[PDB]
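*Asks:* The structure's right below; bear with me while I get my questions together.
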Protein chains: 6
Amino acid sequence: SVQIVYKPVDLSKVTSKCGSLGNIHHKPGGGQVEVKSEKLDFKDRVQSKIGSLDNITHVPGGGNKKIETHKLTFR
Amino acid sequence: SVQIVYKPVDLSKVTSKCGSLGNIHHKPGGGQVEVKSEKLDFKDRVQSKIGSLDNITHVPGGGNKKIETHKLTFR
Amino acid sequence: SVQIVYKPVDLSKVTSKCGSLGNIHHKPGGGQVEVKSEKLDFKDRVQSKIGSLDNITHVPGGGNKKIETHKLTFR
Amino acid sequence: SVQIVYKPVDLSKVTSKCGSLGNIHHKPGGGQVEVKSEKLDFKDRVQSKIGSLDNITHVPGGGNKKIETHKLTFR
Amino acid sequence: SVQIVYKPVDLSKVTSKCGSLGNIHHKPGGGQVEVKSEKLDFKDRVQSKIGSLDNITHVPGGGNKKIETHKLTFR
Amino acid sequence: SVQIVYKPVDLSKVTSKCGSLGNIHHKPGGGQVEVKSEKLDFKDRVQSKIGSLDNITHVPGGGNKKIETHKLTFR
């Protein structure tokens, strides 16, 4: 016979205190962008991105992250 | 015979205190963008993005994240 | 016969205290960008990015991170 | 005879640009105040202030000031 | 004879631009106030203020001020 | 005879540019205040202030200040 007892216990804390968060400046692509193309041949797929793209400002007041995985596998 | 007891316990806390969150400036693509094309040939799909696209400002007052997975697999 | 008792206990704390977080300046691509192309042949796929792309300002007031994995595997 | 020609000229400018103004916290007198008095004698005027009084939060978006005095005095 | 030509000229501008103005918190007197008296004698005027009084929050979008005094005095 | 020509010319500028002003915290009198008085005699005027009084948070987005005085005095 088999007994498996799976009773992990978590009383854990993940915490931040921040007295103030701010004055955050993100200025991507202030410079002039100039693209000049003549007599180009493309015989397959083209992906083109020009300018200021996909830029992120992410400012969470906590942003604390608990990641936990429990796996019990039996045969 | 088999006994499987799966009784994980979580009393865990994920917390932030932020005294003030703000004055966030995100200014993507302030520069001039100029794209000039002559005599181009394309023989397959073209994707083009020009200017200021897909830029994000994300400012959650907490933004705390508890991610948990429980898997019990039997055969 | 078999007994397996799986009872890990976690009372752990992950903590930050920050008195103030701020005055953060990120300015990628303030310089002029100039691309000139003549008489190019492409016989396969082209991916092109020009300017200020994918830049991140990430400023969490905590950003504390607990990662835990529990695996019990039986045969 | 007397000629007095008082013709001062002001083309002066007083200016501010502020990109954002905010997240201002003023919390005077969060502490407990306890006053106990026994057998006191006052033979003249009493002024008493107890608690949180006359506190100011003043946040003008400009608050720019021009003060000018012109005085011509003759005898 | 006397000529007095009082012709001062002002083209002077006082200006502000504020992109946003807000998130102002003023919390005077959050603490408990306790005042106890026994066997006190007063023989002239008493003025008493207890608690939270005369506190100001003043947040003008401009709040710019131009003060000008002109005084021609003759005898 | 007398000629007095009083023609000062002002083209002066007083200017501020501020990218962001904020996350300002003022917390006077967070501590407990305890005042105990027994058997005091006052034979003249009493002024008393106890707690958190006359505290200022002043945050002008410009706060630029031109002060000018013109005086012409004659005899």
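Residues are named by chain letter and number: chains run A, B, ... in the order of the structure tokens, numbers start at 1 in each chain, and ligands are numbered from 1 in the order shown.
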Show me, as a list in words, the residues of chain F whose atoms get within 12 Å of chain C, using only C-alpha atoms for the distance check.
*Replies:* residues 19, 20, 21, 22, 23, 24 and 25 of chain F
*Asks:* Give me a file of those residues, with C-alpha atoms, as a PDB file, in the first residue's frame.
*Replies:*
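Generated file (result-v7.pdb):
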ATOM      1  CA  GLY F  19       9.396  69.288 -16.818  1.00  0.00           C
ATOM      2  CA  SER F  20       7.406  68.072 -13.770  1.00  0.00           C
ATOM      3  CA  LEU F  21       6.993  69.295 -10.172  1.00  0.00           C
ATOM      4  CA  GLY F  22       5.571  66.871  -7.607  1.00  0.00           C
ATOM      5  CA  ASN F  23       5.637  64.034  -5.087  1.00  0.00           C
ATOM      6  CA  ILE F  24       6.072  66.578  -2.254  1.00  0.00           C
ATOM      7  CA  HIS F  25       5.357  65.233   1.277  1.00  0.00           C
TER       8      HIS F  25
END
*Asks:* What does the distance from CA of residue 27 (chain F) to CA of residue 17 (chain A) come to in Å, to one decimal?
*Replies:*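 These atoms are spaced 16.8 Å apart.
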*Asks:* Would you list the contacts of residue 14 (chain F) as a ChimeraX atom specification, taking every protein, DNA or RNA residue within 10 Å and counting only C-alpha atoms, but skipping same-chain residues closer than 2 positions in sequence?
*Replies:* /D:12-16,64 /E:14 /F:12,16,64-66
*Asks:* Those residues with C-alpha atoms, as a PDB file, in the first residue's frame please?
*Replies:*
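Output file again.pdb is given in full below:
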ATOM      1  CA  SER D  12       8.922  92.833 -19.692  1.00  0.00           C
ATOM      2  CA  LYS D  13       7.536  89.260 -19.436  1.00  0.00           C
ATOM      3  CA  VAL D  14       7.211  86.990 -16.374  1.00  0.00           C
ATOM      4  CA  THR D  15       6.504  83.384 -17.428  1.00  0.00           C
ATOM      5  CA  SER D  16       6.373  79.741 -16.319  1.00  0.00           C
ATOM      6  CA  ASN D  64       4.170  84.431 -10.919  1.00  0.00           C
TER       7      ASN D  64
ATOM      8  CA  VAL E  14       2.532  87.787 -16.600  1.00  0.00           C
TER       9      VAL E  14
ATOM     10  CA  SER F  12      13.626  91.999 -19.447  1.00  0.00           C
ATOM     11  CA  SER F  16      11.055  79.093 -15.805  1.00  0.00           C
ATOM     12  CA  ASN F  64       8.893  83.933 -10.628  1.00  0.00           C
ATOM     13  CA  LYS F  65       9.025  87.414  -9.106  1.00  0.00           C
ATOM     14  CA  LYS F  66       9.795  90.811 -10.735  1.00  0.00           C
TER      15      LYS F  66
END
*Asks:* Under the rule that only C-alpha atoms are counted, which of E:62, E:18, E:52, E:10 is the nearest residue to residue 30 (chain D)?
*Replies:* E:52
*Asks:* So which residues touch residue 46 (chain F) within 12 Å, counting only C-alpha atoms, skipping near sequence neighbours fewer than 4 positions away, as number ranges by chain?
*Replies:* D: 40-49; E: 42, 44-48; F: 40-42
*Asks:* Got time to write the residues from that selection, N, CA and C atoms, as a PDB file, in the first residue's frame?
*Replies:*
ATOM      1  N   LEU D  40      -4.513  75.939  38.036  1.00  0.00           N
ATOM      2  CA  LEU D  40      -3.880  77.102  37.412  1.00  0.00           C
ATOM      3  C   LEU D  40      -4.695  78.380  37.640  1.00  0.00           C
ATOM      4  N   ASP D  41      -4.031  79.498  37.915  1.00  0.00           N
ATOM      5  CA  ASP D  41      -4.675  80.808  38.074  1.00  0.00           C
ATOM      6  C   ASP D  41      -4.196  81.790  37.007  1.00  0.00           C
ATOM      7  N   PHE D  42      -5.121  82.465  36.328  1.00  0.00           N
ATOM      8  CA  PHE D  42      -4.830  83.473  35.314  1.00  0.00           C
ATOM      9  C   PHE D  42      -5.469  84.815  35.691  1.00  0.00           C
ATOM     10  N   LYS D  43      -4.653  85.825  36.002  1.00  0.00           N
ATOM     11  CA  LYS D  43      -5.129  87.159  36.418  1.00  0.00           C
ATOM     12  C   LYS D  43      -5.213  88.189  35.291  1.00  0.00           C
ATOM     13  N   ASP D  44      -4.908  87.796  34.061  1.00  0.00           N
ATOM     14  CA  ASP D  44      -5.029  88.621  32.856  1.00  0.00           C
ATOM     15  C   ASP D  44      -5.400  87.730  31.654  1.00  0.00           C
ATOM     16  N   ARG D  45      -5.494  88.294  30.452  1.00  0.00           N
ATOM     17  CA  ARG D  45      -6.061  87.625  29.274  1.00  0.00           C
ATOM     18  C   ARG D  45      -5.299  86.375  28.852  1.00  0.00           C
ATOM     19  N   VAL D  46      -6.042  85.343  28.469  1.00  0.00           N
ATOM     20  CA  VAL D  46      -5.512  84.070  27.973  1.00  0.00           C
ATOM     21  C   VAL D  46      -5.940  83.865  26.530  1.00  0.00           C
ATOM     22  N   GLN D  47      -4.992  83.605  25.641  1.00  0.00           N
ATOM     23  CA  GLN D  47      -5.246  83.061  24.311  1.00  0.00           C
ATOM     24  C   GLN D  47      -4.683  81.644  24.246  1.00  0.00           C
ATOM     25  N   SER D  48      -5.513  80.661  23.929  1.00  0.00           N
ATOM     26  CA  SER D  48      -5.111  79.262  23.835  1.00  0.00           C
ATOM     27  C   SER D  48      -5.543  78.655  22.503  1.00  0.00           C
ATOM     28  N   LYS D  49      -4.611  78.036  21.781  1.00  0.00           N
ATOM     29  CA  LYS D  49      -4.855  77.247  20.574  1.00  0.00           C
ATOM     30  C   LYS D  49      -4.324  75.836  20.790  1.00  0.00           C
TER      31      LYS D  49
ATOM     32  N   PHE E  42      -9.925  82.091  36.063  1.00  0.00           N
ATOM     33  CA  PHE E  42      -9.652  83.128  35.064  1.00  0.00           C
ATOM     34  C   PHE E  42     -10.299  84.453  35.480  1.00  0.00           C
ATOM     35  N   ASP E  44      -9.795  87.598  33.578  1.00  0.00           N
ATOM     36  CA  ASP E  44      -9.941  88.466  32.405  1.00  0.00           C
ATOM     37  C   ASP E  44     -10.384  87.607  31.204  1.00  0.00           C
ATOM     38  N   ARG E  45     -10.433  88.171  29.998  1.00  0.00           N
ATOM     39  CA  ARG E  45     -10.924  87.481  28.796  1.00  0.00           C
ATOM     40  C   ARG E  45     -10.147  86.204  28.479  1.00  0.00           C
ATOM     41  N   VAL E  46     -10.874  85.151  28.127  1.00  0.00           N
ATOM     42  CA  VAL E  46     -10.325  83.891  27.624  1.00  0.00           C
ATOM     43  C   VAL E  46     -10.744  83.706  26.173  1.00  0.00           C
ATOM     44  N   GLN E  47      -9.784  83.476  25.290  1.00  0.00           N
ATOM     45  CA  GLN E  47     -10.008  82.968  23.941  1.00  0.00           C
ATOM     46  C   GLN E  47      -9.459  81.550  23.857  1.00  0.00           C
ATOM     47  N   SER E  48     -10.272  80.605  23.405  1.00  0.00           N
ATOM     48  CA  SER E  48      -9.874  79.207  23.281  1.00  0.00           C
ATOM     49  C   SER E  48     -10.304  78.632  21.935  1.00  0.00           C
TER      50      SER E  48
ATOM     51  N   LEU F  40       0.340  76.351  38.522  1.00  0.00           N
ATOM     52  CA  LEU F  40       0.942  77.541  37.904  1.00  0.00           C
ATOM     53  C   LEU F  40       0.110  78.809  38.156  1.00  0.00           C
ATOM     54  N   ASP F  41       0.775  79.918  38.467  1.00  0.00           N
ATOM     55  CA  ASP F  41       0.157  81.233  38.643  1.00  0.00           C
ATOM     56  C   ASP F  41       0.623  82.169  37.526  1.00  0.00           C
ATOM     57  N   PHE F  42      -0.309  82.799  36.818  1.00  0.00           N
ATOM     58  CA  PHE F  42      -0.030  83.810  35.803  1.00  0.00           C
ATOM     59  C   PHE F  42      -0.638  85.152  36.209  1.00  0.00           C
TER      60      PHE F  42
END
*Asks:* In Å, with one decimal, what is the gap from CA of residue 57 (chain C) to CA of residue 56 (chain B)?
*Replies:* 10.3 Å
*Asks:* What's the separation between CA of residue 55 (chain C) and CA of residue 55 (chain B), in Å to one decimal place?
*Replies:*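 These atoms are spaced 9.4 Å apart.
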*Asks:* Output as number ranges by chain all residues of chain F that backbone DSSP marks as strand (DSSP E or B).
*Replies:* F: 2-6, 9-10, 13-18, 21-26, 33-38, 41-42, 46-53, 56-58, 65-73
*Asks:* Excluding residue 73 (chain D) and its own-chain neighbours fewer than 6 positions away, which residues fall within 7 Å of it when counting only C-alpha atoms? Please give them as a list in words.
*Replies:*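 Contacts, with the query itself left out: residues 72, 73 and 74 of chain E; 72, 73 and 74 of chain F.
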*Asks:* Just want the 7 Å neighbourhood of residue 6 (chain F), counted on only C-alpha atoms, with same-chain residues fewer than 3 positions away dropped. Output as a CSV table (one decimal) with C-alpha atoms, in the first residue's frame.
*Replies:*
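part-v5.csv was written with the following content:
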chain,number,residue,atom,x,y,z
D,5,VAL,CA,8.9,113.9,-18.6
D,6,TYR,CA,8.1,110.7,-16.8
D,7,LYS,CA,7.8,108.0,-19.5
D,8,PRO,CA,9.3,104.7,-18.3
